[PDB]
Every structure is written in structure tokens, then in C-alpha cells.
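In what follows, chains are A, B, ... by sequence order, proteins preceding strands, each numbered from 1. Quick note: numbers below take in every heavy atom, side chains included, and nothing from hydrogens, waters or symmetry partners.
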Amino acid sequence: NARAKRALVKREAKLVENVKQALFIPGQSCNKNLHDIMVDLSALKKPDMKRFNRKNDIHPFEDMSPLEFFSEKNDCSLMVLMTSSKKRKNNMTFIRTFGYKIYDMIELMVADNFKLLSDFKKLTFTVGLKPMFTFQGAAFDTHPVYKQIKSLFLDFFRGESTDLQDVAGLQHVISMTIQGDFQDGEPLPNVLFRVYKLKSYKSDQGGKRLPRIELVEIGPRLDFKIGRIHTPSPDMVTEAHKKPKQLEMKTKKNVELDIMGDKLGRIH
Amino acid sequence: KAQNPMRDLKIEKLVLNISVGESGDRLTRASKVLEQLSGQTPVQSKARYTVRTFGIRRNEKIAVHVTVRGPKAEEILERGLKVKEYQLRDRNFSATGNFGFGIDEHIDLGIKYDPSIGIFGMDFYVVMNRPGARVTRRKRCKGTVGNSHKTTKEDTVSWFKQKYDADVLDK
Amino acid sequence: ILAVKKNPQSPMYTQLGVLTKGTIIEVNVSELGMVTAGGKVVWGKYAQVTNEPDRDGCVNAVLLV
Amino acid sequence: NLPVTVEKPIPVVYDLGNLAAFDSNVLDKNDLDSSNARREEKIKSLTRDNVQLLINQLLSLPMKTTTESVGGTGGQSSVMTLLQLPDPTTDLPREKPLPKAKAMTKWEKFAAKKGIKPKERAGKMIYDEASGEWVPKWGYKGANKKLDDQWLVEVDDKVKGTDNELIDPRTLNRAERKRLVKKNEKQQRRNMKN
Amino acid sequence: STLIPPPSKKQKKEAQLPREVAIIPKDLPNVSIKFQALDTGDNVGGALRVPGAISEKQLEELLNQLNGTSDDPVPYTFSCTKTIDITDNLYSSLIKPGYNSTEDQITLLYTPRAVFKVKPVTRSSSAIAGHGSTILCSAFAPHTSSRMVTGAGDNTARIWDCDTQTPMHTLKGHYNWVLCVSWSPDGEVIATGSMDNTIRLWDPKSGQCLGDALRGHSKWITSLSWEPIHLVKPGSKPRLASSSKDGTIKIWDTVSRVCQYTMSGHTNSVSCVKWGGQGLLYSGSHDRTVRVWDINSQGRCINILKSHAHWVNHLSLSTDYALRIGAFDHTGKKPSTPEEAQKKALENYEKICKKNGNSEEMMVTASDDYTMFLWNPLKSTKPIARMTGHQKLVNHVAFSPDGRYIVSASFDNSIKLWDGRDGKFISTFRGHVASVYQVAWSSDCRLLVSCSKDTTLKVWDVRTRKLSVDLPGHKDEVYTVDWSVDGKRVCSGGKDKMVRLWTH
Amino acid sequence: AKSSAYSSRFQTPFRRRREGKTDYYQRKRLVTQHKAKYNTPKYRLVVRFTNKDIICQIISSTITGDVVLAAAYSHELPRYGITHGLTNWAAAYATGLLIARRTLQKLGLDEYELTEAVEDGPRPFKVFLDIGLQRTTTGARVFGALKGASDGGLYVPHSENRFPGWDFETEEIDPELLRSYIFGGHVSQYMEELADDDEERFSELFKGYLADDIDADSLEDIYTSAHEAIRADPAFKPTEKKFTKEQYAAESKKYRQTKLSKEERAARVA
RNA sequence: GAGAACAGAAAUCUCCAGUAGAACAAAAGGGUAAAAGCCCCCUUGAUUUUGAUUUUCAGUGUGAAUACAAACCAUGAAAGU
RNA sequence: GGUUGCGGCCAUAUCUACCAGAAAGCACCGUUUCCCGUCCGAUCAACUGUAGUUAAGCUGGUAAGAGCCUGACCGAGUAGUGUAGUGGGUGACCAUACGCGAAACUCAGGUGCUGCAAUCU
């Protein structure tokens, strides 16, 4: 009973939220390639990952209730539904939920020119450390679709939030690059997702403080075509972007805190 | 296969059970006489249910038992077989190659009678297995036994014929 | 003296800060050189007032170690 | 000895709290299309330059050192030097809404109206004058249930003349206690409904 | 716990603002520099122009090439006169602060250093029991860091194997508290002076007692010193100088187990005795004087130094590290012959003794008048310098192994670092909240360890002049601390009846 | 008489749980739980005991299966001078000391990473003891190997209530008993006790010491010399391979059973 | 499912099979099996105390409730909880 | 290619019945003074690899076994499902253009892939 109360307390909302959990749901139609890509993404996400195994009849763009039920039952705010169809081959639907209700959904399709994680056969990073991010393309700052993609991927793979970082944990970088700048009225270029591991070397021109960096790709390399979109309502956007402000000290004019910790008032 | 020394059937454990039914002084005396018999303290079994006709409440003491292993178990077993005059039924063995029987009075075992002791009966049960039965018991890599290696009823009967030379009567 | 923790007569006297016999106060022990098992410097502890300052003009206390 | 000074036409932006670097330069479709065999080299070079800039920023960030030894709480030992990451700049939606401020209960409104201050709650131990011990005022082995264990209870004068005279006073007091507890629970449920 | 004030909103915005990258300019012009020796005041090469992007290692190689010792270089440290060291490169050291411009000259003071490094001790290896009373003294073996001697208040000494953190030998010959312990500089015998006015000698390998106790002192032993190996003729064993509360210093020949000389000039209790490297003995006593005796002249007092107004608690020599180490080094190598041992000990002692023209053996005396005096007894009889600033009595004083620094640990919960040649004040080490009892250098003169009354040890970095690491773990007062020759282990002992071992 | 519906509804555990050698409840806390959120990588000192060998490995977890950083076995102990008792408390201590010294020599800690750009000195190497499916009991060989590694110079966080000689009454240890177990005093005492009590039992037990003419009072000497040699030269020298990879492969596939084709199976059925 | 005097439909012991069909909470459309079930060991501190921080109160404005964090505390070989 | 230790995917890996495994390893097995735990050295703990065995553990082959898993240009762009041009029809409803979109069935198939380190007649 006390354990159940602790579980409910952990599940309930709080001022500083936990790391968002991701649930990987197979659909009615699944493939070995879909399973391998899901395994690679879950490996990049763990230990904030849960994976279903059976087949589920889910149609996100026709009904939201099973996804909302899964979110409420598993306490996972990120959903990755893997399905396949003749029109949409190797379809991954990313559903980000707010308050156990559908906040937004993106739908991408994985191109055939992809290599799995075990194809490269290279030494990879330690399990469960936050990566570095790189985003290439002005559409990440201008276009709403690529804005949604950037925010979704940052929220998905950000992991634990901290203000102190060990330099021995800066292992790998995730790059999301837009395949060429586009113009209005054109098809959306595919988004290229790559994973590299860092190797530092002596630079001889940056002293002993700034080493030369090199990247060795470890996979997976993926090409996402942007199939379908589903954007939140503006009131939901504002509710999801509200801040608690309970922790931070209130600002007051002409009142400062000095280095010794004494509260000081200014006189004009 | 039978020539290999690893297929021998030996005394795994001998369990002596005394189910007194009603908790109290008789249970204590049964534990005392089992201690003086086997040289070791017994272990009590808690009640599992409550029956008015059985006169047992919830979570009381019903039976004591002693598990003996080794040459001491062999000595107890040979004294019990001397009491039983070397004759067992075909039904006395089980389908798993383990056999037991009841002894109505422990005075015939050789224990000197005491008026405070009274009279107690006890159930002997003997477990048979070949070496290599710790695979099901060890903490790491717990695995099942081979189909041919498993102890069986007729194999235990053959072992009893070889060891104690006592006829196993059909009835 | 850092604070008044518990005046045994009443919580009203505790919040008024009355120093009587048996009052639990908080004292600065920086010059006593106390270190925790974890390496923290102790500079504040509890003491009990063991006299009547109204009678003898001074406060005497025993440190609660 | 390769250079570590990446020069970029359009100045990139950083979110060091999220450990992210964003460049909004010009990307050509020809060098990035699947028809090109050098797309991997181009993407690797671009990501390498961005990672070099991000690493420069991170290693120029301020650093925290400590003097505490290993085996103590905190996770940072004397040899470890930790980068001080700033607050994250990029805004992301929450997973759950903010906890709403609970409306005042009936007791809270009455206490505000009548000026009743909250109790100090120093502890649950009360002194017993009939003995020489401090006892809990409620709970496990609490002093609120000693009447049940009392060896002798005098019968009240007011109980006489009613049919409740034969009842054990300990039973009567336990029933009154349970009625009070259920009344408190009903008041809590009423406040939650309101 | 009292926390530091948190950052404000404006400070958070400043942090989120983009950072500046400390990069080396490619257009950095050349700078004119002149080398200068700290020890000798000699310049090499005159005005030479060097690139602005020169590294410390490249500058070191260039200086070795200028000196002509490129085949066998010796690493140097560079400073520029405020005097600021060269940390990584010249531009980030001097030009980036902007104090010295590119057109001006740079006068680089170069100082030799140690080839090896000692890692700071960061954790407790083990808490070893075995002593029934409080620990009073401890030392490490000079030849190896796997042997520690520890004398306590249960009338016993113990030899501990530091590799397994387990007791090895028990030495139970004395009758009263074992006040002081010492190891022979050749590593052959342990000498213990006790509260029962006796001295005993022990073979460490067998854990055994050599002969009977040394008797003759009418009061308890205060300090033990050994004759240096470089002065001991080959084929003979070093003699043992002992001081005591009765005010006399006795010299013992351990070969014949005799007493040769009994110096008695002090009117009061002798605090300490030190056997220097030039055939002299220095004694400090509660009669506020320091007596310099000549061993070669039938124990006749050469000089009497009178400048202190209280008890001189401690005294130290510039070559004390070499005197205690004999012929051994940090690599733990043992010379094959006694002649080779004497020659190598002479070379090691001369490395500190003869430098910048003439060999000198500086002495420093720390007294109960809150001060210290720095003397050069061979040349002059007046004190060379006076070190003042401590607000309470100076309990311990130690010369650095190279002799370039002095460290004074006082009862005002502070340590002070002074220059070793002229005695001027450099810095103050703070962080102890009770009185500091004693101190110990590392082998490369970069790290220091101190034990205090507040149940803590503290390791300080001498270069940055700050606290490196704080070591709690003792449940009561710590009385003794020592650092191994190879710089791998630190031992501490006190009132808790436990020997604490500390490693990296 | 199990049913097909039961077979369909059956839910097997992971493979390592089926052939039980991995505790995933312990593994998840060892790998995915951190005291602080500074993203400092963790390393495990996995210690395993067979019937005749001791395996000590320093392993770092990795998303594509974990990677061994260094390893040491008890069959390298005859190289340093331990030809008997390769599975005892003293052998475990020697193996822990060996793996610690080997790892320290490999890392260069005791005679271009991104940390060296920010910190002046290398960190002490910290590992967490992994015991798998073993019982934590006072006086165990796994804690002996932990003590060996700690004395070797790795930072393994541990208490001392599992070493031999720890008194259950007062929170204190007996370092004399601990040193006896370190240098095999229990084995030597059993040797003397057998030689005094039962020569028949001493004929079978400790037969190799009799064959090599190794005295009961020389165990401490040989353990000390082994420790000295391990500290002197801890580098790994692999065993010389008399044959080659293809030779071993061909010789093994000569005995391995050959697969039969589907057409051959259909012919056999028909 | 078989074996064991009283002892049978129900007492107690032994072996094999046994995806949980048991016992705990929620109302899973995938909760828990070297457990989240049963037993044993340690803790009775759980209403700690610090805060220039959040909200409320005060004629007693450096106090108390309250929220959050930190230092501790408990246990464990440890990771950690 | 065998084997060992740590793993990833968690049945192509599960259950039932046969057969083989030279060398090494693993396991069975031997002892109870010491550390440690039980009624029972059965489990756990310690010691020797000493007395033996591949009888079991474990791996591999076999079975029109059960179960499970994988591609389909296989059903099929089909059932079903939302708008629509004033399409008719006073009438229960019907083809059409744009969207979304199954499973049963049939064919072809299968019984582990693999990363790190060490070792092998």
C-alpha cells in the first residue's frame, strides 16, 4: 500500500519534472527492419525506454484514445508507433503527449538507404549518458514542421537535465541535417539522422586546452521523409510552456544580494 | 551405462515424521524422543488450516520431523528394517523412486522405555537419487535432470534387492 | 548566542526570547574546532542554560554533546 | 596538426544547457542527395566543424573544483573538475500541467476569519504525571488508548437511568473515538467534493 | 549546511550569453627575453627573440640547447617578474593579462625541478588496529615504502607492512611510553627512545631486539638523530645522537654498544637534536638557546646562538631530507657496496649542499615566542633573518627537500610558507580549525601534508598555495603524520589507537 | 500433458535468465543507476569462481554489448610462482592484486583523452564490485579478490565486515587473522593438523606439496615472492599457441556433426 | 499425480510436473517469479535542522506554519534505494 | 570450429523422445581443522584437482510432434470507412472522384544471430 502510494506520488505532476519516458509500440504490420530500427532507437534512449512486443491496431490519425490509454497506463509521454503500409512503407509515428492527452504527432517514413547499428561494427559509447546535438538547416529556425522536428528530437534524446557535466561523459553526437535548403511550394527535403563518436587528439595550435576533434560514425544512419503532421492548439501550447516559478527568488527593484550573501538596498 | 559408477542409488535423506495433531506436552515429548533418537534437534511444522474435527486452530504446531543424512541415516534405516523384518509391499515405493513406511511403536527400535516418554509412532521416508542431483538444487545454472538418469520405482526395487536382499511382496 | 530554541516554561516565552534556567539555546562553536565525520566544520550547536541570569547577572550554559 | 578554429559565414548559436549547437548556413541539395557518393564525407565534415565549435564553447565554460575526498556524498571528488552548464535556452513542452493551487478548506477559511495560527508541532511526546515517563500522545502505544487497558473504570453517574448502563465504558469510548474518526473522514471527503 | 549565495537573473543571462574562446593568435610577434637563474643570478644567451606561440616544453628544450645539455635535459620552471609563473604558454601567461606588452622584454627566472611527480593522497587505504593506547610517533622506512614503524603509549612499537595494511612485528622491550622512533638512514636498524629514560635498537626483518637497552639518561628521551651515511666511513655503522629532558645529549656507538660523548651545556630541557651534514650537531632547548657542537672536537660546543625569548620548540636543516634518506632515492634502489652507498649519499647530499657558488647548510629554529629565526651558522653568528607573523607558538618547522621553502605549523590553526634562502614571507595556508601539530613535505617539493588537533589531515599544493584535499576519518586528535620517500603513501596516527594509511 | 494454448501463452524470460547465470535485477542497478547526474562512466570489477579457476575482469557497459578493459586469470599464477591452490583465498588475493597492477600499468596511473584538457592530474581508477550470483558471507574469496585489488591500487568502495577476522560482537576486525588468510595460514594450519592427526587423510590431501617437496612453512614465503613478482612485472603475456586458427577449426569440424539438407531429409522421410 | 500407523473428502512429511490459474494493489488493451508474494536480520530516528528562497499569518517584524532544496539519517560488501 | 566469462536482440532461443561430443574448458565428484550456515556441509562456506566418471549438467543432429517466427508484385488498393459536384429517386438506397485503409486464405521458408576478452589437441 505504501509502495503503491509512492508509485502514485512518483507519477503525479511536480514542479521539476522527471525525464520523459518513451514507449515503443509495434502496429498491425511490422518488419524486421522496423524492429531493428526500433531496437537502435531504444538503445539510444535507454534507460528511459519501454518496448511493447505484440501487435496493436493503432490508427493515430483516425483515433487517439488507445494512444492516450497507453500513455496514461505506462506513464510515458513519448510514443513511437512502428507500422508499415503500401503507401507508407516503414512508417514511424512519434506522438508527444501532454497531460495524458495528445499534444502533437509527427509521422516520418524511413528510407531504404539505411544501415543498422550492427552493420558498422564499431566501438560505441557507454549506456545511459546524455549526447550532444547538432542541427543543420535554417528550416529548424523558420519552418514550423522542422521546428517541431527539432523540438521533438531534443525532447526525445535530451535525457537527464543537469548543470554540472563530466568531460569524460561527452561521448557521442546526434546530427539532424536537412537535405538542401528548399523554397515554398516544393516538397519537404528528407531529414538525415546520424550518430558519431568523438575522438580527441592533440592540436599543437590550440595549446593543451582545445583538442582537435574527429568523428567516427557508429550508426544508425537514417533518412526520414516527413509524411504527416499534427500540431497542438495554442492554448495547449501555452499550458505546456507555462513555468512554475516557485523555486526562483522574486526580483525586486534596488535590492541585490552581494557575494557575502547580504541583502542590499540602493538609494537614489 | 549401468556399469558406470555414477548411476548408483544411495540414501539421499531419511525423514522421520511424527504428527501429534494436538499441540502441547505430547508434541514436546515427541520432539525430545526424536532428539534422543537421531542425535539432532527436530523441526516443527506450522498448521496450514483450521478444522474443528481435527481440533487444530490457525497457525499452531502439528508435527515434528528430523532429516538425517549419511551413515547415521544408514544405521537408523537398518534398525527400522530389522523392526520391519525385511518385507515391503510393491506399493510402499513411489513413482519417483522414494519409499516410506510407518512404525507404530518406537520401543521396538531399541530405545529404552520411560513412563514420561509414553508411546510414539513415526513415519520413515527414504529418498533415492543418483549422484548429480544437485543440478536442480544449486543457485547457479539450475537445470533439469536427464530422462534416463531419473530414479524410478523398479530401479529402486532392484537396488533394494541388491542391498538388503528382502523380497518386495506384490500384496 | 545564535537563537533561542525552547524555553521550558512556555512557547510564548520561547518566541519572546526569554533566557531562564533550563532554556535550550543555540550557540556558535566555531572556536571549539569541531569537525563532522564527513569533514564539515561545525559552528552551531545546542546548549542548556543552567543558572538564573536574573539573579547573577550572567548566562551560564552546558553544551549538549 | 590540424586547426581548431572553425570559421563559419553565418554565426552559429548554442544551447549549452541542452549541449546543442545550431547552424543555419547554406546547404546544397546536390552534395546531400542520395545520388552523390560524397554525401557522407560532406555531412561528416559539417558535423565535425559544428562539434568542434560546441566543444570549444564547453571547454571555455567555467569549471567547478572541490576539496572533499572520495567516499562522501555529493559525487564530485577532489580530482574531478566539472563544467558549469548554464540554464537551457530552448523551450520544450512539459509532460504534465503545473499543480493547481488547492482551494481553501472550511477549516482554513474559519481559521483565517478567527485568526487561528498553525500549531508549532514540536513532537508527539507528552509527559505523564501519573508515571515517570514520556509517552506518545497518539498512535502506536499512544496515550489516547490507555482507557482500554485501564484496570478499573468508575461508572459515570449520568449513564444511570438509561439502557446503556450495562455497556463497558471502554467499549463506549472506543466507539466514540471511531465515530470521531469517521466524522473527520466525512469532513475531508466533503472538502474534496467542494 | 550554510550555502553560497545563488546566482541571480542577470548572472544567469550573462552565463547564457556566448563565451569567448582562448585561442592563440597566428599573427603573434616575437618577444625579446633574457634568462636568469634564481639560485645563482646568472644569465644565459642575453636578449633572444622567441615566438609568441612558444610552449613550455619547447622553451625548456630551447633552454637545454642553449646550456648545451640537450642529451640529458633537466626540466625547469619559469617565472616572470609581481612574479608570475609560466603555466602553459607565454601568451596566456603574460601577454593575455596585458601587464607586459610584446615590445617590452621578458626576464625569465628559471629554477630546476624534480624529474618525477607525486600524486596527491586522496583516500584512506585502511584503518589498522593493534595499538592498545594512543599513537605517539611514526616513520617510514627510507629504502622502501612498504615498512612503517609506529611507537605508542602501550609501551610498544609496531612494524606495519603497508602493502597489505596488516601488522607485521611487535616490539615490546620498553617499560613506559615509546616517545620517539627513528629508522637508520641505511635502513638496517630502528632506534626507539622511550619515557622510561631508555633507548632500544631493533632489527626490523626479524622484529628483534639488539642487545640490552641503552641507559644513562636520567630523564625521558626527546629526540633521536642518526649520523649521516655520507660522513660515515665505509665498513662502520652510523652513530646515534639522543636528547632528553635532563638537558644532556648522548652519543652512542651501536657497533660496540657504548656511549662516546655526553654534552651537557644546556641549563634546561633539550627540545631537539639534529646531526648535520658538515660534522656538527645542533641542539635546541627550553633555555631559549641553540647550541652548535663539533663531533670531531670531543663534543666541544662551537657556538651558542641566543636570539629567542622563549623555548625553541623545533629546528630544521636545509639538507634534512638528504640526511634522512642517505643513499636511497625515490626508486628504492640499493647500492651494492658500502663504498658505493657512501659515494651516492655524498652526491645526493651535495645536490642540496653545494649550489650557487659555496656550500651552505641553513638552519631554522621555531620557538615559543611566536617566531622563527633563520641562521647560517658556518659563516656568521648573528641570525640571517627573523620570521614573524604567527599569533601563537610555532610548533613545527620544516625545510623543503630542495631547501627552497620553509613551512611553519603553529597553534593558531595556521601554516605559513616562507622563502628558504632569505626567509621572507610568501603565503598562509588556512583551513584548519584547531592547532596544527606537525607537517611533512612530499619528495618533489610540490605537495604538503599537515595533521591537526581537529582530527583532520590536509594536503596543500605548494605551487598554487591553496588547499588540495581535506582528509577526515580520524575519530580523535592526530599526533603524527609522515609521507613516504617514493611519494605513494601517507601514514597518520593519534588518540584513536588506529593507524590510518592514505594513498592516491 | 501441456496444451497448445499453454504453449502459445507461455512467456519465457531472457536467455541468460533461462540458463541462469545473470541477475538482471542486480545488473539494472549496477549499470543504469547513478549516485549523481554528472554523466560519469561506470566500470564493473566482475569476479567469478569456477571449480578450478578464478576470473576477474574490468568491464565497461556498452549499448552494443559490454567491452572488457582488462582481465586476469589464476592460470597465470604459475608464471609468478604459484603452482598449487589456484582457487583458494590467497589465490583470489593474488588475482585481485594482479588485475589491479595490470590495469594501473595499462592506464599509466602508477608507473588524448578529453579530461586532460581540463584537469591537471589523472583520476584514481574507480570500479564497482560485481559478484553475480554469489552469497555475501564473512570470509569469502570474492571479498579476498576485492582486498587484493584494493591493495593493488584500484578504488573499490567497500566495507570490511566481510573480511575474515571481523568480529560480529564489536564492530572491529582481527588484522592478524586477516593477514593469516592473506598469506594462507589456514591452509598451512590444516597441513600441520592433518600431518599430526591423520596421515591417511594427508596422503590424499596436499599430495602435490609432497610431490614437489614444498614445506608447510614456505607458503608465506612463496606468496610474498609471488606478490613481489606481480608488483615488479604485471604485464600480460599471452600463451603461445602451438596450432593455428584454421588448424583448430578443421580439427573441430572433423568431429562436429554435419548438417543434412532439406532434400536429403525429404528423401529419408520418403 | 503418486508414496507414508492413527489420518477418511480436510491434519503432517517426501518426490515430479507446475507462466503464476497463488497473494498484493489497480479496475491493462502487456502490474509483480532469484518478486512488488512468504520468512529472517538491522533500524523505533521519521513531527531532524538549515535556508538571504515560495505562499500565509503577527503590534511578540531574524518567529511559526507552508513549498522546495541542502546537510544528515537508515540499510547494504557495493552499485545504490 | 569447440569451450569459458561478461553481454545485446529476448522462443528461429520454448516443451517432449532418441543419438553423438577426440582435446581443452564447464560440470558431476572428494575432505569438514579454519571463515561461515543450516534439523541435515542437502543449499551456502572453506580445502585439495588429490580418488574417478563423461552417467547427468551443457552443446550439436534427428521428429510429415506441439508451439513459434519471416517475406510476399497473396488476398488487395479489397471489405469497410468521411466529403462531393443538384446525380437520379415525393420512396426504404444505389455506381462514381478525392482521402484512409485491414484480417482470414494461398505460395515460398526457418529452428538462433551476434559484440568484447581469454583458451584449445
Side-chain angles (χ1 to χ4, degrees), chain A residues 132 134 165-173 175 196-216, chain D residues 1-9 11-14 16 19-21 23 25 44-65 80-86, chain E residues 17-31 50-62 78 80 84-98 100 102 106, chain F residues 112-122:
Chain A
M132 286 170 286
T134 40
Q165 175 68 29
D166 199 327
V167 198
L170 301 175
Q171 299 275 50
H172 62 298
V173 52
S175 65
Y196 299 93
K197 180 174 170 52
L198 273 73
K199 282 177 174 53
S200 50
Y201 306 89
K202 197 78 199 313
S203 57
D204 206 7
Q205 290 186 350
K208 59 193 300 296
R209 316 300 303 279
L210 306 178
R212 172 73 174 188
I213 310 298
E214 289 299 322
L215 298 182
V216 174
Chain D
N1 44 279
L2 298 173
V4 298
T5 70
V6 168
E7 300 184 1
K8 193 80 68 176
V12 175
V13 306
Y14 306 102
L16 301 182
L19 300 179
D23 61 356
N25 291 264
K44 175 166 159 173
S45 64
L46 294 185
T47 313
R48 213 284 312 177
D49 302 334
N50 304 141
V51 163
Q52 185 74 51
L53 296 180
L54 183 67
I55 287 297
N56 291 8
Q57 299 292 281
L58 290 181
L59 296 189
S60 298
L61 274 179
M63 302 175 192
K64 170 180 179 58
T65 71
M80 304 170 60
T81 311
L82 297 183
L83 310 176
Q84 301 192 262
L85 293 180
Chain E
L17 280 178
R19 297 285 313 193
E20 49 87 45
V21 187
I23 199 62
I24 304 176
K26 309 175 181 181
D27 299 3
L28 217 47
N30 299 266
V31 196
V50 288
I54 187 79
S55 83
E56 178 165 348
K57 180 182 179 179
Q58 293 182 12
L59 190 63
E60 164 65 32
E61 297 296 321
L62 178 62
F78 312 96
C80 183
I84 302 182
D85 286 6
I86 299 296
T87 66
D88 298 335
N89 67 280
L90 194 65
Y91 177 76
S92 63
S93 306
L94 294 169
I95 306 183
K96 177 186 171 186
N100 290 335
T102 52
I106 297 185
Chain F
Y112 194 79
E113 299 296 327
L114 216 58
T115 63
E116 302 176 359
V118 302
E119 58 195 23
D120 306 310

**OP:** Measure the spacing between CG of A:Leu170 and CG of D:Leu59 and express it to the nearest 0.5 Å.
**Re:** 7.5 Å
**OP:** Might you confirm whether atom NZ of D:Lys8 has over 12 heavy atoms from other residues, nucleotides or ligands at distances under 6.0 Å?
**Re:** yes
Subject >> Closest non-hydrogen atom pair between D:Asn25 and D:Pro9, with its separation >> reply: OD1-CD, 3.6 Å
**OP:** Would you confirm whether A:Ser200, through its side chain, and F:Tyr112, through its main-chain N or O, come within 3.5 Å as a donor-acceptor pair?
**Re:** yes
Original post:
Is the closest side-chain heavy-atom distance between A:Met132 and A:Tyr196 below 4.5 Å?
Top reply: no
**OP:** Applying side chain to side chain donor-acceptor pair (under 3.5 Å), name anything that partners E:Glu60, two or more places apart in sequence or on another chain.
**Re:** E:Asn64
Subject >> Test side chain to side chain contact (heavy atoms under 4.5 Å, CB included) applied to D:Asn1 - qualifying residues, sequence neighbours left out >> reply: A:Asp204, A:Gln205
Original post:
With a 4.5 Å heavy-atom cut-off, do D:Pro86 and D:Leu61 have their side chains touching?
Top reply: yes
**OP:** Work out which heavy atom in A:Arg209 is nearest to a heavy atom in F:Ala117; give both atom names and the distance.
**Re:** NE-O, 3.0 Å
**OP:** Could you tell me which residues satisfy side chain to side chain contact (heavy atoms under 4.5 Å, CB included) with E:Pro25, sequence neighbours excluded, listed by chain and number?
**Re:** E:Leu28, E:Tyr91
Subject >> Other residues, nucleotides, ligands: >12 heavy atoms within 6.0 Å of F:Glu113 CD >> reply: no
**OP:** Could you tell me whether the side chain of E:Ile84 reaches within less than 4.5 Å of the side chain of E:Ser93, counting heavy atoms only?
**Re:** no
Subject >> Set of residues satisfying side chain to side chain contact (heavy atoms under 4.5 Å, CB included) with respect to E:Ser92, sequence neighbours excluded >> reply: E:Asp88, E:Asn89
Subject >> With D:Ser45 via side chain to side chain contact (heavy atoms under 4.5 Å, CB included) - residues at least two apart >> reply: D:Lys42
Original post:
Roughly how far, to the nearest 0.5 Å, is the CD1 atom of E:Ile95 from the CG atom of E:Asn100?
Top reply: 8.5 Å
Subject >> Counterpart residues, side chain to side chain donor-acceptor pair (under 3.5 Å), relative to A:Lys197 (two or more places apart) >> reply: A:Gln171
Original post:
Which pair of non-hydrogen atoms, one from A:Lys208 and one from A:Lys202, has the smallest distance, and what is that distance?
Top reply: CA-CE, 4.0 Å
Original post:
Of all residues at least two apart in sequence or in a different chain, which pass the salt bridge (charged side-chain N to carboxylate O under 4.0 Å, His left out) check with A:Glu214?
Top reply: A:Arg212
**OP:** Report yes or no: does A:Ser203 contribute a side-chain atom to a donor-acceptor pair with the main-chain N or O of A:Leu210 at less than 3.5 Å?
**Re:** yes
**OP:** Take D:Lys64 and D:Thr81 through the side chain to side chain contact (heavy atoms under 4.5 Å, CB included) test and state the conclusion after the steps.
**Re:** CA-CA 6 Å; D:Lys64 170 180 179 58; D:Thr81 311; over 6 Å; no
Subject >> Where D:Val12 and D:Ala21 come nearest, the two heavy atoms and their spacing >> reply: CG1-C, 4.4 Å
**OP:** Indicate the atoms forming the closest heavy-atom contact of D:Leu85 with D:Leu58, along with that distance.
**Re:** CD2-CD2, 3.9 Å
Which atom pairs, donor and acceptor, lie under 3.5 Å between side-chain atoms of residues 47-57 of chain D and protein residues at least two apart or in another chain?
from: D:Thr47; atom 1: OG1; to: D:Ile43; atom 2: O; distance (Å): 2.8
from: D:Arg48; atom 1: NH1; to: D:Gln52; atom 2: OE1; distance (Å): 3.1
from: D:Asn50; atom 1: OD1; to: A:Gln136; atom 2: NE2; distance (Å): 3.1
from: D:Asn50; atom 1: ND2; to: D:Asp23; atom 2: OD2; distance (Å): 3.0
from: D:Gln52; atom 1: OE1; to: A:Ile213; atom 2: N; distance (Å): 3.1
from: D:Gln52; atom 1: NE2; to: A:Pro211; atom 2: O; distance (Å): 3.2
from: D:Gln52; atom 1: NE2; to: D:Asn56; atom 2: OD1; distance (Å): 3.2
from: D:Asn56; atom 1: ND2; to: D:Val4; atom 2: O; distance (Å): 3.3
from: D:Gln57; atom 1: OE1; to: E:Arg19; atom 2: N; distance (Å): 3.4

Original post:
CD of D:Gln84 to CG of D:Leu16: how many Å apart, nearest 0.5 Å?
Top reply: 12.5 Å
Original post:
What closest approach, in Å, do D:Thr5 and E:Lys26 show between heavy atoms, and which atom pair accounts for it?
Top reply: OG1-NZ, 4.2 Å
Original post:
Which residues satisfy the salt bridge (charged side-chain N to carboxylate O under 4.0 Å, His left out) test with F:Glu119, sequence neighbours excluded?
Top reply: F:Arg123
Original post:
In Å, rounded to the nearest 0.5 Å, how long is the span from CG of E:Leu90 to CD1 of E:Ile106?
Top reply: 4.0 Å
Original post:
Could you state the interatomic distance from CG (D:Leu83) to OG (D:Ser60), rounded to the nearest 0.5 Å?
Top reply: 10.0 Å
